[PDB]
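In: Below is the sequence, then the experimental coordinates.
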Amino acid sequence: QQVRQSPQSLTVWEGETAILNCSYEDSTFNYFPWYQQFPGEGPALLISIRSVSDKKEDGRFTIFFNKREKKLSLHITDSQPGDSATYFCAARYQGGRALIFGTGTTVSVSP
Amino acid sequence: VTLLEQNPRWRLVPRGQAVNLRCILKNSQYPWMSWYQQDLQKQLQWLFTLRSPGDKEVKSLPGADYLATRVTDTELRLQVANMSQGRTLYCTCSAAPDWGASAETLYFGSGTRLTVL
Amino acid sequence: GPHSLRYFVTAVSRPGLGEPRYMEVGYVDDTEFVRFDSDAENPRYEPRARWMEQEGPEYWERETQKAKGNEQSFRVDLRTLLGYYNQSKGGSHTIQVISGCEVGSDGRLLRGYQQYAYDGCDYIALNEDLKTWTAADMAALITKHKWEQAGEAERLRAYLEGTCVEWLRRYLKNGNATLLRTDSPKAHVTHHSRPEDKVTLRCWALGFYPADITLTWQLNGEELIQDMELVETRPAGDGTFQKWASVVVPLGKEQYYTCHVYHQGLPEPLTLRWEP
Amino acid sequence: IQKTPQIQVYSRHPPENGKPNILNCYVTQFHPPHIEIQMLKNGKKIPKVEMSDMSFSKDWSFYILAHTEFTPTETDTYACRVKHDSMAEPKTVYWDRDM
Amino acid sequence: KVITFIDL
Ligand SMILES: *[C@@H]1O[C@H](CO)[C@@H](O[C@@H]2O[C@H](CO)[C@@H](O[C@@H]3O[C@H](CO[C@H]4O[C@H](CO)[C@@H](O)[C@H](O)[C@@H]4O[C@@H]4O[C@H](CO)[C@@H](O[C@@H]5O[C@H](CO)[C@H](O)[C@H](O[C@]6(C(=O)O)C[C@H](O)[C@@H](NC(C)=O)[C@H]([C@H](O)[C@H](O)CO)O6)[C@H]5O)[C@H](O)[C@H]4NC(C)=O)[C@@H](O)[C@H](O[C@@H]4O[C@H](CO)[C@@H](O)[C@H](O)[C@@H]4O)[C@@H]3O)[C@H](O)[C@H]2NC(C)=O)[C@H](O)[C@H]1NC(C)=O
Ligand SMILES: *[C@@H]1O[C@H](CO)[C@@H](O)[C@H](O)[C@H]1NC(C)=O
């Protein structure tokens, strides 16, 4: 209930831009990491952003942060056969013991 | 990778019995040890974060009852009883509660997959 | 002007007398605004300034939870150092920290603090580059090396630029009114008779705030830098401070001397004289 | 490194026989933090003594402020006795109406 | 808000 993303499923043609949303309710959350999970092994960090920023770019991924609206999004620009996996949006607050995870968004990029 | 050593990697559980997972901390610079579970529909969820020996906490959830204990400065234990359904458990370690190990964020291994019966 | 958020942490080990004593105390621009003491029952994070009561019940649960973690952290630290210095497990020792930030009026981060001290002496602190550490002795090199491994500096830098700077802004927003209060000093001179043909002239400054003040005696144009007695500013115990400067002078010749009180809250420095 | 404690015994307001005041005892510059602080009236220990919460300063030395209500008279004597590891033996400081 | 402290 603290973090929740959408849509839970998404398909896109290779070379195309996939777009995953995410939103949260604790305005105290200062860190938002995005994890990429391939069926088989644990979640692995893909890209993260600090509440003090509003844009984070690395390779083909981009986090958009709107501290005002408590909403972020990841843009998988120029998708690909491989970028296909489940994507979690997490968040936490300074001094907090837990890392809150969004409900995940499975992505399939078909050539 | 390789701060923890969690075993086994896959496991079967007779629905009447409980299981006992164990996590061995390799590097001690990251004392804080936790337990996360990913249920069958893929939802990750923090269970515990223990720091010192003697610490024990019980938390119950849809699908499993838990008992985590910090046995020593390198061994974090988790026993899962009444496990009604499947879940995959992950052990992590960090410098401080709100930070990764030597990195800003928490690192997840292959975890231990638990399939009923 | 500049402002700062700093925390004074203490962990003192008491042999046999139970676990160690742990405290955290926050200051906004040198004013205590919060405090966590592991001794009072229901050890919790308490506000120390009426303006902090605007914090949700969630702020204090969280801060208390975090403090209890830090506490476990220092019980370890205490034992560890007993190791580095090779000191029997029987003693009573002290670990202190000063963590915080100071940001100018331009919003820029002037200074970020992370200093540790063992048993009253410097141990290890973060340099001004917020990138490297300075070890006080051979022991502190062990810590320095571990912290460089783990990238503790990057961790602190992240804290200083996010959480520290961000909540300093908030605390200031809620505290503005209260923090900038300024009570000007009320001053007077008292006459006391010393042995033979001599007397002591004492200049008193009372009920002022902030504590910063300067008192000087003048023998016609010049300042008695030499023979002037003066106490360390002390609290009245009600929010204000006191202080006085006294000078020994020739009986009857008291009029040759004048007291001067310089305080930021005064529209202009005060001029004082012994009034019969 | 144990710094020698500084003591100041004074009153909240200018003293006046008969007129109730607050007698303060300001101890500073000490380490370790454990310290025994007493306030006396004509040689006996005053029971009603409130101490500030301990605090330390920039140079790691602690400081504490003890106090207690009192109403000065011409004859009564008041002092603050401090016990601290750094000192061979106790230190007493009498309240001086002029200081 | 006080930072969280690691180990010496
Ligand atoms: C993932 O998230 C995204 C973003 O939230 C979702 O996409 C949005 O979904 C909404 C909800 O359905 C869409 O709104 C619908 O719009 C239609 C009409 O379409 C619009 O375009 C036509 C073009 O011709 C135009 O004519 C219409 O007027 C519509 O314009 C829309 O106008 C909106 C307000 O006037 C405006 O919405 C936002 O308002 C907020 C105010 O709080 C901010 O100003 C937003 O600003 C930005 C920003 O932060 O800078 C603008 C950025 O460009 C944008 N980034 C991106 C991705 O481009 C950001 C981000 O979205 C946020 O930061 C994320 O947190 O927002 C401002 O966008 C829209 O911008 C604008 N549409 C566009 C795209 O230009 C309407 O018919 C319909 O409303 C009905 O109106 C009736 C009126 O009587 C009313 O009675 C009835 O009840 C209906 O409400 C509806 O609002 C929206 O178009 C769409 N936007 C985008 C960018 O796609 C996805 O659905 C999510 N996906 C999933 C899987 O969930
Ligand atoms: C298992 O479930 C039973 C209820 O069926 C409960 O009474 C028991 O305490 C549980 N065991 C534990 C400790 O998890």
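Out: Cool, the structure landed. Residues are numbered from 1 along each chain as shown, chains lettered A, B, ... in the order given. Ligands and ions are numbered 1, 2, ... in the order given.
In: All the strands of the chain, residue numbers only.
Out: This is for chain A. A:3-6, A:9-13, A:18-24, A:29-37, A:44-50, A:55-58, A:61-66, A:71-76, A:85-93, A:100-101, A:105-110 (DSSP state E).
In: meant chain D actually
Out: D:6-11, D:21-30, D:36-41, D:44-45, D:50-51, D:55-56, D:62-70, D:78-83, D:91-94.
In: want to try a markdown table for those strands, with mean neighbour count and distance to residue B:62 as columns?
Out: Quick note: C-beta positions are derived from backbone N, CA and C, even for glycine. Shown next, in a markdown table, are the strands of chain D (neighbours: other CB atoms under 10 Å in any protein chain shown; distance: least, CB to CB, whole Å):
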| stretch | mean neighbour count | distance to residue B:62 |
| --- | --- | --- |
| strand D:6-11 | 20 | 63 |
| strand D:21-30 | 21 | 57 |
| strand D:36-41 | 16 | 57 |
| strand D:44-45 | 8 | 63 |
| strand D:50-51 | 12 | 52 |
| strand D:55-56 | 20 | 49 |
| strand D:62-70 | 19 | 52 |
| strand D:78-83 | 20 | 60 |
| strand D:91-94 | 14 | 66 |
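In: Which of the ones you listed sits closest to chain A?
Out: Closest approach to chain A among the strands of chain D (CB to the nearest CB): strand D:55-56, 23.0 Å.
In: Next, count neighbours for the closest residue to ligand 2 within chain A.
Out: Across chain A, the shortest distance to ligand 2 (CB to the nearest ligand atom) belongs to residue A:98, at 21.6 Å. Using other CB atoms under 10 Å in any protein chain shown, residue A:98 has 19 neighbouring residues.
In: Also residue C:228?
Out: Residue C:228: 15 neighbours (other CB under 10 Å).
In: Ramachandran coordinates for it?
Out: phi -120, psi 120 (degrees, to the nearest 10).
In: Relative to residue C:220, how far out is it?
Out: 15 Å (CB to CB, to the nearest Å).
In: cool, residue B:64 as well?
Out: Residue B:64 is 88 Å from residue C:220, by CB to CB.
In: between the two, who's got more neighbours?
Out: Ranked by neighbour count (other CB under 10 Å), residue B:64 and residue C:220 place residue B:64 first, with 24 against 8.
In: Which residue is the nearest non-sequential neighbour of the more buried one?
Out: Leaving out its chain neighbours, the residue that sits closest to residue B:64 by CB to CB, 6 or more residues apart in numbering or on different chains is residue B:83, at 4.5 Å.
In: The one you found reaches residue B:114, doesn't it?
Out: Yes: using CB atoms under 8 Å, residue B:83 makes contact with residue B:114 at a distance of 6.6 Å.
In: Please give me every residue in contact with residue C:60.
Out: C:44-46 (CB atoms under 8 Å, 6 or more residues apart in numbering or on different chains).
In: make that residue D:78, sorry
Out: Contacts of residue D:78 by CB under 8 Å, 6+ apart are D:9, D:23, D:39-41, D:70, D:72, D:94-95.
In: Not counting sequence-adjacent ones, nearest residue to it?
Out: residue D:95 (4.0 Å).
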